[PDB]
Amino acid sequence: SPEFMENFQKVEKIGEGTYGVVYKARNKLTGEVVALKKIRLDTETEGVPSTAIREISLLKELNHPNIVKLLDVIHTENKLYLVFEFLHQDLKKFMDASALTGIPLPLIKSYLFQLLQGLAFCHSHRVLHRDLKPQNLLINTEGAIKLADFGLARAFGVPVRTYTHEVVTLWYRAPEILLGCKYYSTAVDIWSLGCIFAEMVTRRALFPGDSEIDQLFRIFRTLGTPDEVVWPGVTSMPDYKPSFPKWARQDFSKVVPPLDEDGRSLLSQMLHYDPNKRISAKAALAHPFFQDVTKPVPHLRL
Ligand SMILES: O=S(=O)(O)c1cccc2cccc(Nc3ccccc3)c12
Ligand SMILES: O=S(=O)(O)c1cccc2cccc(Nc3ccccc3)c12
């Protein structure tokens, strides 16, 4: 039987992703609580780009424990309401609440492993996230972490508004995107996740830039300014400028102090400059860093 917006009682606002506010709501007929996302459409031109429609279709096809579950899509007067499973807690909020002590390594390992499983699945199905950041990763009481807030709308020009609150998306953006690559690859998500891995460990964002050029320079100052030896083709990328300062690479003992050689090995493979050399999500799952991975439950005192 079709669901109608009248069937839902708004409880509270639980956030405001790239598509406006997200509300916790209660289904009046089943009593189930869900997360509702409101999407304002745009018949401004004539419709949604065919390629966009295909990408939304691709995302809808995915069913995985590490991808937030879409339960239904309600259509009403130029508006779309996405009905999702209810989750309300995210990695950003959790890290802020674990600021004083940091998230324990077993949980860091579990979350990273699960996010890699989610990404491996998406990537094998030709789906990229494109906007991975702590804010977009939802967690539940049982220890799962899930991908959400995919960067689909801005990537394929979907007729809908975005970033109701603001931005900070630059911090996790892969260098090939910052340098204007004609075509990027699934490797961009691995870069983002590597930044998130480092952030969980150090309790601070790795490259908190305030502009594309500042973002690039922050990356260069830490990993060294790339050259043809380290990244073949970099000096010919659209936005590459020979005038870029030349910085030497920093040691990870300094960049991510708490990590040992297994952690450093994996991090270095996730932050490799060359997209063609950056570790894939599938290969990362087999990294020695995950030998002892388990599924700890988070301490959530809401
Ligand atoms: O495919 S749907 O499941 O609706 C869908 C699900 C989730 C997000 C969507 C965003 C834009 C357009 C859609 N489709 C659409 C198609 C026809 C009319 C209005 C919207 C979206
Ligand atoms: O909301 S997200 O968490 O990204 C999301 C998560 C999981 C499955 C999704 C399926 C279709 C569209 C989404 N979002 C969407 C919304 C508006 C425009 C384009 C895509 C999905």
Side-chain angles (χ1 to χ4, degrees), residues 1-5 8 13-25 33-93 111 114-115 117-140 144-165 167-169 172 186 188-189 192-193 196 281:
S1 45
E3 299 191 289
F4 291 99
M5 292 318 293
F8 296 98
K13 170 182 181 304
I14 56 186
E16 52 192 307
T18 82
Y19 301 111
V21 67
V22 178
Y23 273 99
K24 170 178 186 168
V33 66
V34 297
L36 298 176
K37 183 171 298 188
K38 189 168 63 64
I39 298 159
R40 302 210 64 175
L41 296 56
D42 291 298
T43 184
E44 57 189 305
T45 51
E46 199 61 66
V48 183
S50 65
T51 184
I53 290 308
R54 176 166 162 168
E55 290 291 319
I56 291 163
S57 290
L58 283 184
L59 189 47
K60 288 176 62 181
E61 288 175 16
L62 305 181
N63 302 310
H64 189 278
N66 302 112
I67 296 174
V68 68
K69 185 171 185 181
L70 179 65
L71 301 170
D72 197 13
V73 179
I74 297 165
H75 289 73
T76 184
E77 287 296 65
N78 313 311
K79 299 182 182 186
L80 252 62
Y81 288 94
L82 303 192
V83 185
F84 290 98
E85 58 171 308
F86 173 65
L87 287 174
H88 80 289
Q89 190 63 40
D90 66 55
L91 193 58
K92 179 46 194 190
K93 287 181 184 62
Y111 286 169
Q114 292 180 65
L115 292 171
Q117 293 180 106
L119 289 174
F121 191 72
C122 291
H123 296 171
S124 65
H125 289 64
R126 308 192 303 280
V127 169
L128 275 70
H129 182 100
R130 304 183 176 78
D131 184 33
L132 287 169
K133 55 182 182 289
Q135 171 179 310
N136 303 342
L137 309 171
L138 310 171
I139 61 182
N140 66 17
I145 184 165
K146 312 194 174 190
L147 299 166
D149 193 28
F150 287 72
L152 211 55
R154 189 171 66 65
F156 302 104
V158 169
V160 65
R161 184 68 161 188
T162 54
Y163 300 114
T164 176
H165 51 310
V167 55
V168 79
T169 308
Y172 306 92
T186 51
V188 301
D189 287 334
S192 303
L193 187 52
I196 293 174

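Position 1 is the first residue of the sequence; numbering continues from there. Atoms within a ligand are numbered from 1 in the order they appear, just like the ligands themselves.
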Give me the nearest non-hydrogen protein atom to [atom] as residue plus atom name, then the distance to 0.1 Å.
atom	answer
atom 20 (C) of ligand 2	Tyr19 OH, 3.9 Å
atom 11 (C) of ligand 1	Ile56 CD1, 3.7 Å
atom 1 (O) of ligand 2	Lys37 NZ, 3.1 Å
atom 17 (C) of ligand 1	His75 NE2, 4.4 Å
atom 5 (C) of ligand 2	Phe84 CZ, 3.6 Å
atom 2 (S) of ligand 2	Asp149 N, 3.7 Å
atom 4 (O) of ligand 2	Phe150 N, 2.9 Å

Run the numbers for me: atoms of ligand 1, each under 4.0 Å from some heavy atom of [X], listed by number.
X	result
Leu82	7 (C)
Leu41	19 (C)
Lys60	1 (O), 2 (S), 3 (O)

A student checking ligand 2 against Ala148 at a 4.0 Å heavy-atom cut-off should list atoms 3 (O)
At a 4.0 Å threshold, what atoms of ligand 2 neighbour a non-hydrogen atom of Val68?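 In order of number, 6 (C), 7 (C).
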Checking [X] side chain against [Y] main chain: does a donor-acceptor pair fall under 3.5 Å?
X	Y	answer
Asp42	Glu44	no
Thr162	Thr18	no
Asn136	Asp131	yes
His64	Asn66	yes
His165	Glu16	yes

Parallel, tilted or perpendicular: which fits the ring planes of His88 and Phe86, with parallel below 30° and perpendicular above 60°?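 Parallel: the ring planes of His88 and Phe86 meet at under 30°.
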Tell me the contacting part of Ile39 for ligand 2: side chain, backbone, both, or neither, using a 4.0 Å heavy-atom threshold, strictly below. side chain
Pick, from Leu80, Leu59, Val48, the option with the minimum heavy-atom distance to atom 10 (C) of ligand 2.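 Selected option, by shortest heavy-atom distance: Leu59.
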Please name the residue in the list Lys38, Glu3, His75 that meets the side-chain contact (heavy atoms from CB on, under 4.5 Å) test with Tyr81. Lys38
Take a 6.0 Å sphere around NZ of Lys69 and say whether it holds more than 12 heavy atoms from other residues, nucleotides or ligands.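 Counting other residues, nucleotides and ligands, NZ of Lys69 stays at 12 neighbours or fewer.
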Output, in order, the C-alpha distance, side-chain angles, deciding distance and verdict of side-chain contact (heavy atoms from CB on, under 4.5 Å) for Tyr19 and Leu82. CA-CA 11 Å; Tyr19 301 111; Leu82 303 192; over 6 Å; no
